[PDB]
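Summary of structural features
In case you want the letters, here they are:
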Amino acid sequence: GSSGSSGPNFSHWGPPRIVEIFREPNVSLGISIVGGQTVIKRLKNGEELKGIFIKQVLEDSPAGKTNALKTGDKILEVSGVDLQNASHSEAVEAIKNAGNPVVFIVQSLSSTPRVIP
């Protein structure tokens with residue numbers, strides 16, 4: 001264990017996923033994000049996450065149709081912009097200032113998507 005590992009099948013985050021989302025006029029991408037911090041106490045030590053995570057995704061949106069993005073996910077990059085350590089606003093501007101199309105690089109935790117009605 002030259003490095004060590006801690007996590008007996010707990011919140012196992014698989015590999016990243018790239019998805020191209022085309023922004024809409026009247027309506028936005030239809031994606032949201034929670035929290036959003038860029039600076040936190042150093043001494044702090046834990047296993048939690050601070051990165052940007054999908055807050056909520058609409059249905060009548062370009063992101064809700066791709067069925068490749070859902071609330072809870074962890075956005076690591078968008079349109080080729082590192083939003084991991086990016087605050088709530090730092091990430092927002094990225095999605096709004098993402099050179100269309102708007103690519104999304106997140107990682108869906110050990111879970112399963114949903115089917116259409």
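Residues numbered from 1 in each chain as written, not as in the entry; some residues may be left out. Heavy atoms only, no water.

Solution NMR is the method the PDB entry lists for this structure.

Looking at the environment of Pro-15
Position of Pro-15 relative to the elements: it lies in the segment before strand 1 (17-21). As for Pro-15 and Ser-28, which are separated by 13 residues in sequence, their C-alpha atoms are 27 Å apart. Not counting the four nearest positions on each side in its chain, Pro-15 is found in contact with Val-106 and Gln-107. (Helix = DSSP H or I, 4+ residues; strand = E, 2+ residues; numbered from the N terminus. Contact = heavy atoms within 4.5 Å.)

Description of helix 1 (residues 88-96)
The set of residues buried in helix 1 consists of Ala-91, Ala-94 and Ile-95. Down the axis of helix 1, the sector holding all buried residues measures 95°, keeping them to one side. Along its buried surface, helix 1 packs onto strand 2 (31-33), strand 3 (52-57), strand 4 (74-78) and strand 5 (102-106). (Buried < 20%, exposed > 50% of the residue type's maximum accessible area, 1.4 Å probe, protein only. Arc of directions from axis to C-beta.)

Some words on the sheet that holds strand 4
To summarise the sheet geometry, strands pair through backbone hydrogen bonds and adopt either a parallel or an antiparallel arrangement. Taken together, five strands build an open sheet; the order of strands is 1-5-4-3-2 and the sheet is antiparallel. Edge strands, defined here as strands with exactly one partner in the open sheet, are strand 1 and strand 2. Here the strands of the sheet are splayed against their neighbours by 45° on average, with no regard to which way each runs. In this structure, strand 4 lies alongside strand 5, joined through three bridges in antiparallel fashion. Each residue of the ladder has a partner; that of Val-78, found in strand 5, is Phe-104. Along the sheet, helix 1 makes contact with strand 2, strand 3, strand 4 and strand 5, crossing strand 2 at roughly 160°. (Pairing = 2+ DSSP bridges. Axes fitted to C-alpha atoms, helices over the stretch in contact; angles between N-to-C directions.)

Side note on the packing of aromatic side chains
Taken as a whole, this structure holds one aromatic pair when the rule is applied. Each ring, one from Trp-13 and one from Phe-53, has its centre 5.8 Å from the other, and the planes form 75°; the classification is edge-to-face. In this pair, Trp-13 sits in the segment before strand 1 while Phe-53 sits in strand 3, placing the two residues 40 residues apart along the sequence. (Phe/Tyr/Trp six-rings, centres within 6.5 Å; stacked < 30°, edge-to-face > 60°.)

Focus: the layout of surface pockets
Counted as a void, the largest pocket has a volume near 350 Å³. Lining of the largest pocket is provided by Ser-6, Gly-7, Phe-10, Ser-11, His-12, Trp-13, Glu-47, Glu-48, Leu-49 and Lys-74. The residue makeup of the lining of the largest pocket, split by class, is three nonpolar, four polar and three charged. (1 Å grid on protein atoms, 1.4 Å probe; cavity = no way out; pocket = protein on both sides within 12 Å on 5 of 7 lines; lining within 4 Å. Points joined across faces, edges and corners; volume = space filled by probe spheres on them. Nonpolar A, V, L, I, M, F, W, Y, C, P; charged D, E, K, R; others polar.)

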